[PDB]
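To start, the structure under review is shown below, and the notes come after it.
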Amino acid sequence: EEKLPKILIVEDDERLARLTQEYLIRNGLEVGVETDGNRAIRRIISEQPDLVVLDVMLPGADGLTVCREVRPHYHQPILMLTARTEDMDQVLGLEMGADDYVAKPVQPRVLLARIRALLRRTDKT
Amino acid sequence: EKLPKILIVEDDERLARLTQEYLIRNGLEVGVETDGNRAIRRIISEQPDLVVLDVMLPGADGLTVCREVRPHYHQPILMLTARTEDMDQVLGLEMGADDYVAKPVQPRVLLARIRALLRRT
Ligand code: BEF
Ligand code: BEF
Ligand SMILES: [Mg+2]
Ligand SMILES: [Mg+2]
């Protein structure tokens, strides 16, 4: 056995989510994919991933609603990764409980480094 | 009340001051250091709750500052720099920074990122 950090990607662009998933798996992470916001809420709470990569514009429940609903029962890092790149969007996402806010398109190594920085802070806490 | 203590490490003195004044107006206690070697000693001595860290600095660059304070300073470090290449950002985070923000940053974004890091303390 070998327990890797568990990542959940929440992203409704299915191909994009999969390409991101494959990259992160090649870099020492165990990664699942969820494409619906309401499914993501229940899955985050029950599966308790070590970190969530969270899209904002989602069917069922947008990323801000996801944060509101999971944060009472889920305390691990949330990294928002979204095409909603305006300053107000970033402030709102962070104020709603996201620990990082990353603009699409993100360079794969940057996304990986930002994930690792959040996991490091948690593990050192 | 006890305000969060922030240290801005930035060699552009005017920029450091404008950033300082904005953060003070938003409930933070903020000091300014302009030299990298002075920052190392000051960070370890004063133990601010968060450091806003420039990279290109006299005396010691921000990556060196991060390296040398981390054994004695575990609080969040937010790098804020004009070194915006992808390799620069990855290296800064791998060096021990918690966040890496490109200049010019909008003040409200900077404030929100500082608060996001302080939430985790
Ligand atoms: F649909 Be995500 F907000 F880019
Ligand atoms: F001099 Be800093 F890196 F913008
Ligand atoms: Mg979407
Ligand atoms: Mg400088």
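By order of appearance in the structure tokens: chains A, B, ..., then residues from 1 within every chain, and ligands from 1 in the order shown.
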Spatial neighbours of residue B:114, max dist 12 Å, only C-alpha atoms, sep filter under 5 positions, as a count of residues only:
35
Considering only C-alpha atoms, extract the chain B residues located within 7 Å of chain A and return them as a list in words.
residues 86, 90, 93, 94, 98, 109, 112 and 116 of chain B
Per residue of chain A within 10 Å of ligand 3, which atom pair is closest and at what distance in Å (one decimal), using only C-alpha atoms and all ligand atoms, listed by chain and increasing number, as CSV?
residue,atom,partner,partner_atom_place_in_ligand_line,distance
A:10,CA,ligand 3,1 (Mg),8.6
A:11,CA,ligand 3,1 (Mg),5.6
A:12,CA,ligand 3,1 (Mg),5.0
A:13,CA,ligand 3,1 (Mg),6.2
A:14,CA,ligand 3,1 (Mg),9.5
A:16,CA,ligand 3,1 (Mg),9.9
A:17,CA,ligand 3,1 (Mg),9.9
A:35,CA,ligand 3,1 (Mg),8.6
A:36,CA,ligand 3,1 (Mg),9.3
A:37,CA,ligand 3,1 (Mg),9.5
A:54,CA,ligand 3,1 (Mg),9.1
A:55,CA,ligand 3,1 (Mg),5.5
A:56,CA,ligand 3,1 (Mg),5.9
A:57,CA,ligand 3,1 (Mg),4.0
A:58,CA,ligand 3,1 (Mg),4.7
A:59,CA,ligand 3,1 (Mg),7.8
A:62,CA,ligand 3,1 (Mg),8.3
A:63,CA,ligand 3,1 (Mg),8.9
A:81,CA,ligand 3,1 (Mg),9.3
A:82,CA,ligand 3,1 (Mg),7.1
A:83,CA,ligand 3,1 (Mg),7.8
A:84,CA,ligand 3,1 (Mg),9.3
In Å, with one decimal, what is the gap from atom CA of residue A:26 to atom CA of residue A:53?
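So the answer is 16.4 Å.
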Can I get the residues of chain B within 7 Å of ligand 4, each with the closest pair of atoms and their distance in Å to one decimal, using only C-alpha atoms and all ligand atoms, sorted chain first then ascending number, as a tab-separated table?
residue	atom	partner	partner_atom_place_in_ligand_line	distance
B:10	CA	ligand 4	1 (Mg)	5.6
B:11	CA	ligand 4	1 (Mg)	4.9
B:12	CA	ligand 4	1 (Mg)	6.1
B:54	CA	ligand 4	1 (Mg)	5.5
B:55	CA	ligand 4	1 (Mg)	5.9
B:56	CA	ligand 4	1 (Mg)	4.0
B:57	CA	ligand 4	1 (Mg)	4.7
Since we have the selection now, will you write its residues out, keeping C-alpha atoms, as a PDB file, in the first residue's frame?
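Contents of the output file part_35.pdb:
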ATOM      1  CA  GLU B  10      10.158  45.527  -0.815  1.00  0.00           C
ATOM      2  CA  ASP B  11      13.058  47.640  -2.066  1.00  0.00           C
ATOM      3  CA  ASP B  12      10.873  50.072  -4.055  1.00  0.00           C
ATOM      4  CA  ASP B  54       9.559  40.855  -2.914  1.00  0.00           C
ATOM      5  CA  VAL B  55      12.090  38.691  -4.801  1.00  0.00           C
ATOM      6  CA  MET B  56      14.629  41.085  -6.345  1.00  0.00           C
ATOM      7  CA  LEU B  57      16.154  42.746  -3.270  1.00  0.00           C
TER       8      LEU B  57
END
Taking only stretch 1-52 of chain A into account, list the residues labelled strand (DSSP E) by DSSP (computed from the backbone), as a ChimeraX atom specification.
/A:6-10,30-34,51-52
DSSP on the backbone, then: every residue of stretch 63-113 of chain B marked alpha helix (DSSP H), written as a list in words.
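Those residues are residues 63, 64, 65, 66, 67, 68, 69, 86, 87, 88, 89, 90, 91, 92, 93, 94, 95, 107, 108, 109, 110, 111, 112 and 113 of chain B.
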Residues within 12 Å of residue B:25, please, as JSON, numbers by chain. Count only C-alpha atoms; anything in the same chain fewer than 3 positions from it doesn't count.
{"B": [3, 18, 19, 20, 21, 22, 28, 29, 30, 107, 108, 111]}
Of the candidates B:24, B:15, B:43, B:32, which shows the shortest atom-to-atom distance to residue B:70, using only C-alpha atoms?
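Among B:24, B:15, B:43, B:32, it is B:43 that comes nearest to residue B:70.
Closest approach to residue A:102 from the set A:64, A:24, A:31, A:79 is made by A:79, with distances taken over only C-alpha atoms.
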Considering only C-alpha atoms and all ligand atoms, state which residue in the set A:103, A:119, A:66, A:19 is at the smallest distance from ligand 1.
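Of the candidates, the smallest distance to ligand 1 is held by A:103.
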Point-to-point distance in Å for atom 4 (F, counted along the ligand's line) of ligand 1 and atom CA of residue A:18
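Computing it gives 14.5 Å between the two atoms.
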